[PDB]
Amino acid sequence: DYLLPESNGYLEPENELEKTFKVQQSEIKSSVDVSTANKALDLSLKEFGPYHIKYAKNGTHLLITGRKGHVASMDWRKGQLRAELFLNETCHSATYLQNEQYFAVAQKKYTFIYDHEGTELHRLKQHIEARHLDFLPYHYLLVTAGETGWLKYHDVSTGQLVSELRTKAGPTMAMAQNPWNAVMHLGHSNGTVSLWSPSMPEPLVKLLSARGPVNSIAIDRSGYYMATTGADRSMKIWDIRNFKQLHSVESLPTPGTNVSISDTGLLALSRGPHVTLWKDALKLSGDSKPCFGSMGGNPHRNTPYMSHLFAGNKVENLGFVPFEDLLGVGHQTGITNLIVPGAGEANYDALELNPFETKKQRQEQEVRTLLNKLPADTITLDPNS
RNA sequence: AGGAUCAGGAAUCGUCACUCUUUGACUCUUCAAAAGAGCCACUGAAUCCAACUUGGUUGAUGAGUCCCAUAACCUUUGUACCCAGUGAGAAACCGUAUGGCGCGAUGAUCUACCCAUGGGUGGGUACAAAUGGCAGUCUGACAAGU
């Protein structure tokens, strides 16, 4: 416990009169240290479509996918850029599967698996739609939910299809994989998120999450609380460990396009022109219920921790850097990294992921993970069963 | 009982550098062109002539010192060799009872042609040497900067 060398950043009001959420990002960029203040990027690439964002599980490479033709893998911290592909088919998402050397893009029809340089490795005959393209490196399993009812699991270690699960739910409106559990979460128009394992052809458990369609879903690091948003201007705080929505934030001004969860407990809600993050909102009490406005400054009622409004955009998606305190918000013209104080964890474990990794360390670690892949039957509702 | 498909056999390392090779990108680029998201304007840079400046036939520029003119390769004139080696063969007595260089392995013996073992011609090989060949003592008018 005392070996833990680095401690989180904080944000403190210092008055009741002074307010926490009112800080702006140019105002933040004054006091943050120079490399960390400079780690906020403004990539306005206004020519192509709205931009999809994903950092790798280590923050070392950023992958972006504009809706029209852009596919871009930068070695994000440095000036290096690996991939810049212009496919005139339209794309939806992308993820690095194992390392920055191999990634996968979610196109109009077919998923593509791709080299760092931008070369074509593997076009999938299957995956005939691809809306959410997500990965779990602990099974080496690219799990993809298109606009189809089905859900496809490709084991890119072997390079073969594991399984394909028809939901009977229709087009997938959301998918968030569980880091702690590797159960997949699919969200559809009935207000229903289904938990999934590749073995079980019926879902593990269905959840009538909200009314209307599922806008998005996002899961804790601990796998305890998953924050779900419907298109009904509502966001539920599901505690998966006992399958209860802790708080039901009703009547947003606009339904959130996405939700995202940091490591230390931050929650990101992006209505699209606005991005708003709460601190410690996932806890058990309804005092920790995330609320927009606490009248009278009552400590029980909970205000948002950090706010932002995008002027000329309706942003697409967002994702924290997993070890740093920023979050990449993909807007129509591009990418902002909005600086949080305490979102990411300060003390990573190198033996799990390496944010500072040599290429020789990388090819050691890749072989280490491929030795430690699990075959797909081990995806279960509990890791420990 | 012997062989080939799905126990007679070394290989369990959380990488640091260094070098080498390899392919790929890359600014370019020849094969060798051809096509040009086209037009204005603003502004910048570069080049070329004119111009001007400074320096210059009291010499500006151009220039394969070293690959050695300090030579190479010969050519003629004076010497050392060999078709150093050969190695057992060369010449017929003795001061005042007694004493020896009287050879010689530890070396006796020699150093392709004609002429009765006297002399040399011819070729290869090496050097000294050349005021010998091969092998005939630079340019000279712009340059450079804006």
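Cut-offs applied
- Residues numbered from 1 in each chain as written, not as in the entry; some residues may be left out.
- Chains lettered and ligands numbered in written order.
- Part of a larger assembly, values for the part shown.
- Heavy atoms only, no water.
- Residues with missing side-chain atoms left out of burial classes, pairs and counts.
- Helix = DSSP H or I, 4+ residues; strand = E, 2+ residues; numbered from the N terminus.
- Rg over C-alpha atoms; globule rule 2.2 N^0.38 Å.
- Contact = heavy atoms within 4.5 Å.
- Pairing = 2+ DSSP bridges.
- Axes fitted to C-alpha atoms, helices over the stretch in contact; angles between N-to-C directions.
- UniProt positions renumbered as here; feature names shortened; annotations may be inferred.

(A) Highlighting the overall build of chain A. Counting secondary structure elements, chain A contains three helices and 28 strands. Relative to its length of 385 residues, chain A is compact, with a C-alpha radius of gyration of 20 Å against a globular reference of 21 Å. C-alpha atoms of chain A, sized along the principal axes, occupy 60 × 50 × 45 Å. Contacts spanning at least 24 positions in sequence make up 31% of the contacts within chain A whose residues lie at least 6 apart.

(B) Representation of the environment of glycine 334 within the structure. Within the element layout of this structure, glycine 334 appears in strand 28 (residues 334–339). In this structure, the C-alpha to C-alpha distance between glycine 334 and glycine 49, residues 285 residues apart in sequence, is 8.6 Å. Every residue in contact with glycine 334, bar those within four places of it in the chain, is listed here: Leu43, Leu45, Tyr51 and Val329.

(C) The sheet that holds strand 21 (residues 244–249), seen in detail. As summarised here, the arrangement of the four strands in space is 18-19-20-21, forming an open sheet in which the pairing is antiparallel. Each having just a single partner strand, strand 18 (214–219) and strand 21 make up the two edges of the open sheet. Averaged over all neighbouring strand pairs, the angle between strand axes comes to 20°, with direction disregarded. Here strand 20 (residues 235–239) pairs with strand 21 via four bridges, running antiparallel. Looking across to strand 21, one finds that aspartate 239 is bridged to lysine 244.

(D) Looking closely at the environment of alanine 174. Within the secondary structure, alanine 174 sits in strand 14 (residues 174–177). As for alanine 174 and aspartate 220, which are separated by 46 residues in sequence, their C-alpha atoms are 16 Å apart. Setting aside chain neighbours within four positions, we find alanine 174 in contact with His185, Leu186, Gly187, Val214, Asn215, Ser216 and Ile217.

(E) Fine view of the UniProt feature "repeat: WD" in chain A. As annotated by UniProt and renumbered to match this structure, "repeat: WD" occupies residues 45–86, 167–206, 209–248 and 251–288. Across residues 209–248, helical content stands at 0% and strand content at 55%; the span's end C-alpha atoms are separated by 10 Å. The span residues 251–288 is 0% helical and 39% strand by assignment, and the distance between its end C-alpha atoms comes to 18 Å.

(F) Representation of the pairing of strand 22 (residues 258–261). Alignment of strand 22 against strand 23 (residues 266–270), held across four bridges, turns out to be antiparallel. Bridging across to strand 23, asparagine 258 finds its partner in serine 270. What sits between strand 22 and strand 23 in their antiparallel hairpin is a turn of four residues, with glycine 265 showing a positive phi close to 130°.

(G) Up close: the sheet that holds strand 15 (residues 184–188). Pairing is antiparallel in the open sheet, where four strands are placed in the order 14-15-16-17. If you trace the sheet from one side to the other, it starts and ends with strand 14 and strand 17 (205–208), each paired once. Averaged over neighbouring strand pairs, the angle between their axes works out to 20° when direction is ignored.

(H) A look at unusual backbone geometry. Although it is not a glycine, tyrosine 140 adopts a positive phi angle of roughly 55°. Its place among the elements puts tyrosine 140 in the loop between strand 10 (132–136) and strand 11 (141–145). Phi is positive for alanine 182, which is not a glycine, with a value near 55°. Tracing the sequence through the fold places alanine 182 in the loop between strand 14 and strand 15.

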